[PDB]
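Inspection log for the structure reproduced underneath, given as structure tokens.
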Amino acid sequence: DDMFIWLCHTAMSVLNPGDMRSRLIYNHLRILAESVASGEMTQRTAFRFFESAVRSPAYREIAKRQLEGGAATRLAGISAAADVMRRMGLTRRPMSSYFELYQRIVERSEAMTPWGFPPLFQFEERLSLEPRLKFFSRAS
Amino acid sequence: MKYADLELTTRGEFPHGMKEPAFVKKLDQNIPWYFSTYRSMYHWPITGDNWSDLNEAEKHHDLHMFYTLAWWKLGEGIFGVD
Amino acid sequence: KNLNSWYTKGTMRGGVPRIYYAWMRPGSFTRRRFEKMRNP
Amino acid sequence: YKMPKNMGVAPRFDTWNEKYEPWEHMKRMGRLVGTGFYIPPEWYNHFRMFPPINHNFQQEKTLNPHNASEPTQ
Amino acid sequence: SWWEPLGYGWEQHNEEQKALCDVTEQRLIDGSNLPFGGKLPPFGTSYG
Ligand SMILES: [Mg+2]
Ligand SMILES: [Mg+2]
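Residue numbers (PDB author numbering), protein chains in the order written: chain DL, 117 to 256; chain DZ, 10 to 91; chain CE, 10 to 49; chain Cb, 9 to 81; chain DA, 968 to 1015.
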């Protein structure tokens, strides 16, 4: 279940994560997801892995040919992030993946400075927030 | 050749090398450091082509190999055909 | 001209065994992912 | 002598990032798998050939706000 | 020895049998009795 939280971050917490339909970045995301499930990686580590992953030479300067302030469109991100949870066997009932990933985003849409996060509380760290105030959490 | 009908009542157990050893509770020396502290003189595998009149390597290897083959009954039933 | 002999270098710890590599590290041994062409 | 309450559990504000950074896990896992005695997890099987970006450095190590650290963010 | 216990292509094979074969001669595999319920298990559960 924390998986959905992670995926929410990869979808909404990252400006310009390249074109997320392309098999390259898509495979990055797939692998990292399967590594957040089965506990092989920390969420923080997998996130910093995702944003630091290799995309394409002169990335920013190709980004000047698409984006103004470097914020891409979020559809590709959510469609890929649902796709990965479906193709990996993550849930017993297929729909649940997409529903949760969608729902958790919709609830956060109403929050002040919604897509930014304090770096310490964003993921697993020594000191944490109470389960009500955790970010994409079911208890908010 | 050179056959008699012989009765051999007791053969010792298998030389698999792994048998649960005799257990104790107390030990004589209670000082486990001696295990890690012990050194010895060097074992040099070879000197000058390793020639010997008693042929040690060959002879000892074969003698071990013989009773090993005896006990596994020549490893002849164990392998099927893959 | 190198009077330390590689023949005698080491310390006997008594019973303590340690591993050594004949040539390379065992992880580097089977290269099959480039050989049989499994790579992204 | 009065101090802010949680100073006991206060994080190291310079170095608390190091532990989690992708390169560290690449190196560590790299010499762990090299042993032959560890089954590589699959993420390693992947980023083995797509190692992460070089010059992305934190703001904690480089004290520059104006440095644009990430090609992504 | 782990491949036969789980009928692999069972739903396909069932479909082929039901559509193209007379009911007098057809063998139908049931997924419920098969190891995982004839499915692929959820991710982290099955020990791999
Ligand atoms: Mg005072
Ligand atoms: Mg106090």
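For every residue, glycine included, the Cβ atom is placed at its ideal position computed from N, Cα and C.
Can a CB atom of chain DL be found closer than 8 Å to the CB of residue 1007 (chain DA)?
Yes, contact with chain DL.
Short of 7 Å Cβ to Cβ, which residues in the region 153-180 of chain DL face chain Cb?
Cβ contacts with chain Cb come from 156, 157, 158, 160, 161, 164, 165, 167, 168, 169, 170, 175, 176.
Taking only three categories from DSSP, how would you classify residue 5 (chain CE)?
Absent from the model: residue 5 (chain CE). The displayed extent of chain CE is 10 to 49, so no value can be given.
In chain order, what are the residue ranges of uninterrupted alpha helix (DSSP H) at least 4 long that sit wholly in the region 182-252 of chain DL?
Listed in chain order, they are 191-203, 211-224, 235-238.
Taking residue 1010 (chain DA) as the reference, which of DL:209, DL:225, DL:196, DL:158 has the closest Cα?
Comparing Cα-Cα distances from residue 1010 (chain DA) to each of DL:209, DL:225, DL:196, DL:158, the minimum goes to DL:209.
If you run the structure through DSSP and keep just helix, strand and coil, what is residue 990 (chain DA)?
In the displayed model, residue 990 (chain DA) falls within coil according to three-state DSSP, outside both helix and strand.
Are there 16 or more other CB atoms within 10 angstroms of the CB of residue 43 (chain CE), so buried, or fewer, so exposed?
With fewer than 16 other Cβ atoms within 10 Å, it is exposed.
Using 8 Å as the threshold, is the C-beta distance between residue 147 (chain DL) and residue 31 (chain Cb) below it?
Cβ distance not < 8 Å, so residue 147 (chain DL) and residue 31 (chain Cb) don't count as in contact.
Quick one: residues in its chain with C-beta nearer than 8 Å to the C-beta of residue 990 (chain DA), no 5 flanking neighbours on either side, listed in chain order?
Cβ within range, chain order: n/a, list empty.
Through-space distance from residue 90 (chain DZ) to residue 64 (chain Cb), alpha-carbon basis
Straight-line Cα distance between these residues: approximately 58 Å.
Bounding residues of the alpha helix (DSSP H) (the contiguous stretch that carries residue 76 (chain Cb)):
Premise fails: residue 76 (chain Cb) is in no alpha helix (DSSP H) and is neither H nor E.
Along the region 40-51 of chain DZ, where does the CB come closer than 9 Å to a CB of chain CE? Name the residues.
Within the region 40-51 of chain DZ, the residues whose Cβ lies closer than 9 Å to some Cβ of chain CE are 43, 44, 45, 46, 47, 48, 49, 51, listed in chain order.
Measuring straight from C-alpha to C-alpha, what distance separates residue 191 (chain DL) and residue 197 (chain DL)?
Distance between the alpha carbons of residue 191 (chain DL) and residue 197 (chain DL) is about 10 Å.
Could you have a look at residue 33 (chain DZ) and say whether DSSP puts it in helix, strand or coil?
Three-state result, residue 33 (chain DZ): coil.
Taking only heavy atoms of ligand 1 into account, decide whether any of them is closer than 7 Å to the Cβ of residue 9 (chain Cb).
The answer is yes for residue 9 (chain Cb).
Taking 8 Å as the threshold (beta carbon to beta carbon), is residue 151 (chain DL) in contact with chain Cb?
So, interface residue.
Please classify residue 133 (chain DL): is it buried, with 16 or more other beta-carbons within 10 angstroms of its beta-carbon, or exposed?
By the 10 Å Cβ count, residue 133 (chain DL) comes out buried.
Would you mind sorting residue 169 (chain DL) into buried or exposed? The rule is 16 or more other CB atoms within 10 Å of its CB.
Residue burial is scored here from C-beta neighbours: residue 169 (chain DL) has at least 16 other C-beta atoms within 10 angstroms and is therefore classed as buried.
Buried or exposed: residue 44 (chain DZ), going by 16 or more other Cβ atoms within 10 Å of its Cβ?
With fewer than 16 other Cβ atoms within 10 Å, it is exposed.
Sufficient close CB pairs (3 or more, under 8 Å) joining the region 174-184 of chain DL to the region 221-241 of chain DL:
The region 174-184 of chain DL is not in contact with the region 221-241 of chain DL.
Please list the partners that residue 22 (chain CE) has in chain DZ, where partner means a Cβ-to-Cβ separation under 7 Å.
For residue 22 (chain CE), the residues of chain DZ that pass the 7 Å Cβ criterion are 45, in the order they occur in the chain.
Across the region 19-32 of chain CE and the region 47-55 of chain DZ, are there enough close Cβ pairs to call them in contact, namely three or more that are closer than 8 Å?
Verdict: yes, contact present.
Measure the C-alpha to C-alpha separation of residue 21 (chain DZ) and residue 75 (chain DZ) and round it to an integer number of angstroms.
Spanning the two alpha carbons is a distance of roughly 16 Å.
Listed by chain order, chain DA residues near residue 207 (chain DL) by CB distance under 7 Å
Neighbours of residue 207 (chain DL) on chain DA, chain order: 1009.
Do residue 193 (chain DL) and residue 157 (chain DL) have their C-beta atoms within less than 8 Å of each other?
The answer is no: Cβ separation not under 8 Å.
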